[PDB]
Amino acid sequence: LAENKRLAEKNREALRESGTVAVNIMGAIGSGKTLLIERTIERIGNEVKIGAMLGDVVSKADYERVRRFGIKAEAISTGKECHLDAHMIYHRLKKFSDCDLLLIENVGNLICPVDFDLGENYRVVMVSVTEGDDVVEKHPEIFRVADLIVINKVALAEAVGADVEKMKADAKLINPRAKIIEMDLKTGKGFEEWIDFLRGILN
Amino acid sequence: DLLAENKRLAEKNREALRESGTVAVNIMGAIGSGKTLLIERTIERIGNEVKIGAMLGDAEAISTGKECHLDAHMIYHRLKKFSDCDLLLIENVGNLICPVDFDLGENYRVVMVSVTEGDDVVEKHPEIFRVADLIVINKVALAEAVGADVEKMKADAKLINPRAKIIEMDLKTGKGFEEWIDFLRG
Ligand SMILES: [Cl-]
């Protein structure tokens, strides 16, 4: 962790020098990190210069979709690690020095990323209701580090037997300071709130 | 899933171990929990009655490379060397988080925690303490001199992991070090 902390500080300073705001977006595979990133690019990509670093394996169609908006994007090679670390992006940040907002998609995992500072400005932790409504209480460590917690695909809550209000309450008990958004991209629920949070951090 | 390959090598590991009669122990705990010391004093005690192989994530050292945990693949390469061992003692990285997801193919899981890590270390790390078969609270004799509520640690562990066995241990006094043997023995 010592070498990570060192590179993490360098990533943070470099991000400060360029005025780029970086968001470490964590969550299990299927939590919907990629779609949220695309939808974001689609909504404010014209007003705001966005970079994307994708640390989950992304399909070809999704790579086309993100790159289609002329947005700078790239797969992060994570090799054998169950999480990103400051070293993985240390040499990549320069290519993104011209972005106002750098969206960093972490590995699909709710455990390993806890202890790794990437040098980011904000941490988001995404969870889908399809993961079970005890997923927050099962993973206190990761939910504690979040500045914003996204409970996702809520319009499927009933269908899957998941209790959204319990997920919200467990999140708040574990992390009293974090903003919490209940989100369903299909129905647009929570999206404006998400965008508003991004505008807040860029201004 | 992303652990698909780890699961594959874990089964393969779980086979080689069984067919060789070798029993493996995943030993987890913080960077100072005292895993190395327990292993030494384990070999010093019953290292004459049974053959003990040792792999250090922190007898041979395992290079974890860029990872924060051991994975089944690191074990798999070196398993042949220990096919003629009664007991295999695997010392995982000094880390209470990463090792949670990673089956190594082992028979038993132990998590060691020093009282010098705080009396809420247990409650802060439910995920790992939940996979333990045995939990070792170590250096207990320093609990008072450091202001750590040992009874709290236990309650937290029992809440999170009822079926797990718990031992209070201090090697400066060989406290609990004997029931640790009673455990291995079985
Ligand atoms: Cl790793």
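May I ask you to list pairs of residues, at least six apart or on different chains, whose Cβ atoms are under 6 Å apart, with the first in region B:69-85 being farther than 27 Å from residue B:97 by Cβ and the second being within 16 Å of the ligand (Cβ to nearest atom) and hydroxyl-bearing (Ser, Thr, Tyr)?
Sorted first by the residue in region B:69-85, then by its partner, the list stays empty.
Say whether the condition of being away from the ligand (no atom under 16 Å from the Cβ), in contact with an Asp or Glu (Cβ under 8 Å, 6 or more places away or on another chain) and in a helix (DSSP H, G or I) is met by at least one residue in region B:25-38.
Yes: one or more hits.
Answer yes or no: is there a residue in region B:5-22 that is of a type in the set (D, E, K, R), assigned to a loop (DSSP other than H, G, I, E, B), farther than 15 Å from residue B:109 by Cα and out of contact with any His (no Cβ under 7 Å at 6 or more places or on another chain).
No, because not a single residue in region B:5-22 is of a type in the set (D, E, K, R), assigned to a loop (DSSP other than H, G, I, E, B), farther than 15 Å from residue B:109 by Cα and out of contact with any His (no Cβ under 7 Å at 6 or more places or on another chain).
Criterion first (among the basic types (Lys, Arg) and surrounded by 14 or more Cβ atoms within 10 Å (Cβ to Cβ)) does residue B:8 satisfy it?
It is false that residue B:8 is among the basic types (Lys, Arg) and surrounded by 14 or more Cβ atoms within 10 Å (Cβ to Cβ).
Can you find, within region A:138-149, the residue that is surrounded by the most Cβ atoms within 10 Å (Cβ to Cβ) among those that are within 14 Å of another protein chain (Cβ to nearest Cβ) and in a loop (DSSP other than H, G, I, E, B)?
A:139
Would you confirm whether any residue within region B:10-23 is touching a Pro at 6+ places or on another chain (Cβ under 6 Å) and either under 27 Å from residue B:163 (Cβ atoms) or within 16 Å of the ligand (Cβ to nearest atom) (or both)?
No, region B:10-23 contains no residue that is touching a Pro at 6+ places or on another chain (Cβ under 6 Å) and either under 27 Å from residue B:163 (Cβ atoms) or within 16 Å of the ligand (Cβ to nearest atom) (or both).
Quick one: count up the residues across region B:150-172 that are in a loop (DSSP other than H, G, I, E, B) and either among the polar types (S, T, N, Q) or loosely packed, with under 14 Cβ neighbours inside 10 Å (or both).
Of the residues in region B:150-172, 4 are in a loop (DSSP other than H, G, I, E, B) and either among the polar types (S, T, N, Q) or loosely packed, with under 14 Cβ neighbours inside 10 Å (or both).
Looking at this structure, is residue A:31 within 16 Å of the chain's Cα centre (by Cα) and among the hydroxyl-bearing types (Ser, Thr, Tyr)?
Criteria met by residue A:31.
Taking the conditions exactly as written (surrounded by 15 or more Cβ atoms within 10 Å (Cβ to Cβ) and on the phi < 0 side of the Ramachandran plot), does residue A:182 satisfy them or not?
Yes, satisfied.
Residue-by-condition table, conditions (1) over 27 Å from residue A:203 (Cβ atoms); (2) touching a helix residue (DSSP H, G or I) at 6+ places or on another chain (Cβ under 9 Å); (3) not β-branched (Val, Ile, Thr):
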{"position": "A:28", "(1), (2), (3)": "yes, yes, yes"}
{"position": "A:51", "(1), (2), (3)": "no, yes, yes"}
{"position": "A:60", "(1), (2), (3)": "yes, no, yes"}
{"position": "A:85", "(1), (2), (3)": "yes, yes, yes"}
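Using ideal geometry, Cβ is built from the backbone for each residue, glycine included, and neighbour counts are taken over all protein chains shown. None of the figures in this text is laboratory data; all of them are computed from the coordinates on show.
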